[PDB]
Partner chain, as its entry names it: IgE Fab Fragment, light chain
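Just one chain follows, in the form solved without the partner chain, and it is written as structure tokens.
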């Protein structure tokens, strides 16, 4: 349960702009193992809406290539908790951010995928230490991190 790790006092408008998926972790190996694994999503940009929803631009390895993608996570009564409701009720939880270097979030349905986002293509040990604190509380069985060269490539190739 990642609802145990949410950010206090979140200002969503301040997460706007460029991010890099530096590290990813998932409850089930299958969520991240292939390059076409379903939660292997490479964030490009967060765009908070004026009405306070969260647009997420990401890349996804889909049918033999690197696809540009766009979803809208809808605000809730809880500032750190957004909904992507399709066939299933899925949540986006913002765990922690300093707005200007890192952001930790999880996608949750008990199945779960989390990421360490960073503003620039470099290995932020500070950010990764905060990511590992978060995961210590959660039942993850796969963890990936990327190098600065991969971070500057489409779908982290």
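Numbering follows the first chain given and starts at 1.
There is another form of the same protein, the form solved in complex with the partner chain; it is not shown, and what comes next is about it.
Asker: Looking at the partner chain in the deposited complex, do all three of 75, 81 and 97 come within 4.5 Å of it through at least one heavy atom?
Answerer: Spot residues vs the partner chain: no contact at all.
Asker: Does the 4.5 Å heavy atom contact test between residue 130 and the partner chain in the deposited complex come out positive?
Answerer: Heavy-atom contact with the partner chain at 4.5 Å: absent for residue 130.
Asker: Against the partner chain in the deposited complex, would residue 65 count as a contact residue? Criterion: heavy atoms within 4.5 Å.
Answerer: Residue 65 belongs to the contact set for the partner chain.
Asker: Please check if residue 4 has a heavy atom lying within 4.5 Å of any heavy atom of the partner chain in the deposited complex.
Answerer: Contact with the partner chain, no.
Asker: Classify residue 55 as contacting or not contacting the partner chain in the deposited complex by the rule of any non-hydrogen atom within 4.5 angstroms, answering yes or no.
Answerer: Contact check for residue 55: yes, within 4.5 Å of the partner chain in the deposited complex.
Asker: Within 29-49, which residues have a heavy atom closer than or equal to 4.5 Å from the partner chain in the deposited complex?
Answerer: If the 4.5 Å heavy-atom criterion is applied to the partner chain in the deposited complex, 29-49 yields 45, 47.
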